[PDB]
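Spelled out, the chains give:
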Amino acid sequence: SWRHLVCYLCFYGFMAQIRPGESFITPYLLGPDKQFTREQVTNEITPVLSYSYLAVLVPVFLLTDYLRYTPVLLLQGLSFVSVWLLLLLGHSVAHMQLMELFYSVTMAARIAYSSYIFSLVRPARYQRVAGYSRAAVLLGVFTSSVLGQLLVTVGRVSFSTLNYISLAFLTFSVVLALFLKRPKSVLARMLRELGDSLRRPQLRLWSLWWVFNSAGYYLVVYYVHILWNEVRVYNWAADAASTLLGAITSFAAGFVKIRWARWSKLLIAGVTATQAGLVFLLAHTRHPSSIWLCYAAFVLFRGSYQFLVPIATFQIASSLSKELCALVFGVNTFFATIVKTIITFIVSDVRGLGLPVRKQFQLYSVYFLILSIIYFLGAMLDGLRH
Ligand SMILES: CN(Cc1cnc2nc(N)nc(N)c2n1)c1ccc(C(=O)N[C@@H](CCC(=O)O)C(=O)O)cc1
């Protein structure tokens with residue numbers, strides 16, 4: 001385990017996210033292999049995934065820490081394999097509903113890897129291993145996107161062949177996850193430990209940052225895709241560049257050392273203000289010069305969030321007394337997706353404050369603005385008390 005414990009963990013994190021046929025699921029559904037109407041792929045496939053992400057997250061984060069994270073990784077891998085198998089068969093609508101349910105299972109179990117890395121190493125190099133793991137995962141996502149687009153656009157393969165390749169890669173990822181090691185009123189004690197951990201000043205700040213900034217980033221990304229498709233070839237290039245910059249920034253965050261608990265609220269406020277500025281710049285671009293300045297901006301935005309994705313996790317592991325690193329990650333992810341759903345309902349739904357995409361992004365930038373003057377006014381409040 002001297003050389004094949006963190007290196008192997010990063011390698012598995014890289015290989016588990018290689019699904020070259022991931023981003024091409026919708027065209028495959030709408031393609032000639034499966035005769036699906038535009039209306040169904042969007043009204044019977046996306047809502048089920050959206051709801052099941054909320055539904056299946058709770059059991060996953062409740063049981064991942066007791067299961068010691070190897071069974072949850074195996075479940076995520078087998079669920080990815082079942083997703084692609086169901087994609088290959090795809091007999092009817094219910095098959096694809098089950099596929100989306102399993103995909104939501106995978107997205108819910110994504111937290112098990114981020115807890116496994118911390119439960120696998122001594123509580124001294126949490127930050128370095130967090131940076132390594134996030135760099136590996138984001139590099140895997142970037143490689144998956146680039147491989148899919150290279151095979152489809154500059155290569156010559158069908159969607160079925162791409163899905164076969166993705167299924168083979170997912171089988172290999174399951175094989176890799178098999179060899180991973182397993183670290184060596186229960187609910188009442190669980191919640192008591194969660195509350196006592198939340199009483200700490202370092203877990204609480206980064207948990208709030210997760211719940212809010214992660215929700216903001218997810219909203220911004222999920223609607224940046226739609227905004228770019230609204231106002232084609234370079235879209236995947238921008239996505240891959242953003243993911244690669246995210247991997248680089250996660251590596252840098254793993255390798256950065258600053259005196260935390262003092263320059264931590266200030267760092268969060270600065271990063272959130274930078275992200276707010278980037279989103280404001282992204283929204284305020286209607287001139288023809290909207291293929292260089294905005295794309296890159298979004299890239300930076302993604303990287304910015306990733307620059308705080310391995311630190312926050314690390315700052316949750318360094319401030320946890322029990323083996324509840326998975327519980328806090330799961331609760332934070334669940335609350336972040338709850339906040340994202342609430343924001344979507346309040347800004348995107350017609351019944352609520354229904355606004356178009358432009359004003360939607362004007363709201364998201366302002367949402368980050370309220371999220372960058374709260375942490376700004378949190379680094380001087382505690383400074384005053386000193
Ligand atoms: C939503 N989606 C891909 C996706 C695309 N089209 C689809 N189309 C259909 N019909 N169904 C789907 N389930 C579907 N899924 C996703 C979701 C999350 C990440 C993801 O992994 N996101 C993190 C990366 C970190 C990680 O790997 O967990 C991020 O920074 O955005 C990638 C693609």
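Residues numbered from 1 in each chain as written, not as in the entry; some residues may be left out. Heavy atoms only, no water.

- The PDB entry lists the chain under the name Soluble cytochrome b562,Reduced folate transporter,fusion protein, with Escherichia coli given as the organism.
- The record deposited in the PDB is entitled "outward-open hSLC19A1 + MTX".
- UniProt annotates the chain under Sequence similarities with the comment "Belongs to the reduced folate carrier (RFC) transporter (TC 2.A.48) family." (UniProt positions renumbered as here; feature names shortened; annotations may be inferred.)

**Re the overall build of the chain**
- Within the chain, the secondary structure is distributed over 17 helices and 0 strands.
- Against the 2.2 N^0.38 benchmark of 21 Å for 386 residues, the chain shows a C-alpha radius of gyration of 21 Å, consistent with a compact globule.
- Projected onto its principal axes, the C-alpha coordinates of the chain cover approximately 65 × 55 × 40 Å.
- In the structure as shown, the chain presents an accessible area of about 19,000 Å², 68% of it carried by carbon and sulfur atoms.
- Side-chain charges in the chain split into 32 positive and 13 negative, and the spacing between the mean points of these groups amounts to 12 Å. (Helix = DSSP H or I, 4+ residues; strand = E, 2+ residues; numbered from the N terminus. Rg over C-alpha atoms; globule rule 2.2 N^0.38 Å. Areas by Shrake-Rupley, 256 points an atom, 1.4 Å probe, with all protein chains shown as cover. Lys, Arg positive; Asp, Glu negative; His and termini not counted. Charge placed at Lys NZ, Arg CZ, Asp CG, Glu CD.)

**Thoughts on the site of the ligand**
- If you check the shell around the ligand, you find 17 residues, and the closest are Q17, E22, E100, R110 and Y217.
- One of the side-chain N or O atoms of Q17 is found 3.0 Å from an oxygen atom in the ligand.
- Interatomic distance of 3.1 Å between a side-chain N/O atom of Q306 and an oxygen atom of the ligand.
- Protein contact buries 80% of the 680 Å² of open area that the ligand shows by itself.
- For the shell around the ligand, the secondary-structure elements that each account for two or more residues are helix 2 (25-30), helix 6 (93-120), helix 7 (126-154), helix 10 (201-230) and helix 13 (293-307).
- Among the elements that make up the shell around the ligand, the one with the highest residue count is helix 6 (4 residues).
- Taken together, the residues of the shell around the ligand sort by class into 9 nonpolar, 3 polar and 5 charged.
- Each of domain 1 (1-181) and domain 2 (185-386) accounts for three or more of the residues forming the shell around the ligand. (Near = heavy atom within 4 Å. Polar contact = N/O pair within 3.5 Å; in protein donor to acceptor, adjacent residues only side chain to side chain. Nonpolar A, V, L, I, M, F, W, Y, C, P; charged D, E, K, R; others polar. Domains from an automatic or database assignment.)

**Looking at unusual backbone geometry**
- Backbone geometry at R68 places phi at a positive 65°, although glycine is not the residue there.
- Mapping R68 onto the fold places it in the loop between helix 4 (46-67) and helix 5 (70-89).
- Taking the relative accessible area as the measure of exposure, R68 reaches 30% and is therefore partly exposed.
- Not every positive phi belongs to a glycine, and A261 is a case in point at roughly 70°.
- Tracing the backbone through its elements, the reader meets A261 in the loop between helix 11 (233-255) and helix 12 (265-283).
- Overall, the relative accessible area of 56% leaves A261 in the exposed class. (Buried < 20%, exposed > 50% of the residue type's maximum accessible area, 1.4 Å probe, protein only.)

**Regarding the pattern of salt bridges**
- Inspection of every chain in the model, using the stated rule, returns 3 salt bridges.
- Where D349 meets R351, a salt bridge forms, and the shortest distance between an N and an O atom there is 3.2 Å. (Salt bridge = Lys/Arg side-chain N within 4 Å of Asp/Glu carboxyl O.)

**With respect to the packing of aromatic side chains**
- Taken as a whole, this structure holds 24 aromatic pairs when the rule is applied.
- Note on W206 and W209: the rings are 5.9 Å apart at their centroids and 70° apart in plane angle, and the pair reads as edge-to-face. One end of the pair is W206 and the other is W209, both in helix 10 and 3 residues apart, which spans about a single turn.
- For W209, a relative accessible area of 1% puts it in the buried group. (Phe/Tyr/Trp six-rings, centres within 6.5 Å; stacked < 30°, edge-to-face > 60°.)

**Considering the state of the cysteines**
- Applying the stated rule across the entire model yields 0 disulfides.
- Of all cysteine sulfurs in the structure, the one in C7 sits closest to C10, which takes part in no disulfide; the separation is 6.9 Å.
- Free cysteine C325: the closest other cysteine sulfur is in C10, separated by 15 Å. (Disulfide = S-S within 2.5 Å.)

**Section: the packing of helix 10 against helix 12**
- For the pair helix 10 and helix 12, interaxial distance at closest approach is 12 Å and the crossing angle is 15°. Classified by the interaxial angle, the pair formed by helix 10 and helix 12 is roughly parallel. Judged by the twist between their axes, the crossing of helix 10 over helix 12 is left-handed. From helix 10, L205, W206, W209, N213, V220, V224, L227 and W228 reach across to helix 12, where they touch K265, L267, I268, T272, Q275, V279 and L282.
- For the contact of helix 10 with helix 12, a count of residues per class yields 11 nonpolar, 3 polar and 1 charged. (Axes fitted to C-alpha atoms, helices over the stretch in contact; angles between N-to-C directions. Parallel < 35°, antiparallel > 145°, perpendicular 65-115°, else oblique. Left-handed = near helix turned anticlockwise from the far one by under 90°. Contact = heavy atoms within 4.5 Å.)

**Things to note about the environment of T333**
- Position of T333 relative to the elements: it lies in helix 15 (residues 325-347).
- On the accessibility criterion, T333 (10% relative accessible area) is buried.
- Every residue in contact with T333, bar those within four places of it in the chain, is listed here: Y53, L57, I111 and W210.
- Engagement of the side chain of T333 in a polar contact is seen with the backbone oxygen of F329, the distance being 2.9 Å.

**Topic: a nonpolar patch on the surface**
- Taken together, the side chains of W263, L266, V366, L369, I370, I373, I374, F376, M380 and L384 present a nonpolar region at the surface, about 970 Å² in accessible area.
- At 4 residues, helix 16 (residues 357-373) tops the list of elements feeding residues into the nonpolar patch.
- Counting through the fold element by element, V366 comes out in helix 16.
- Residue classification places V366 among the partly exposed positions, given a relative accessible area of 36%. (Patch = residues over 30% accessible without salt bridge, like charges linked within 9 Å, V, L, I, M, F, W, Y side chains within 5 Å.)

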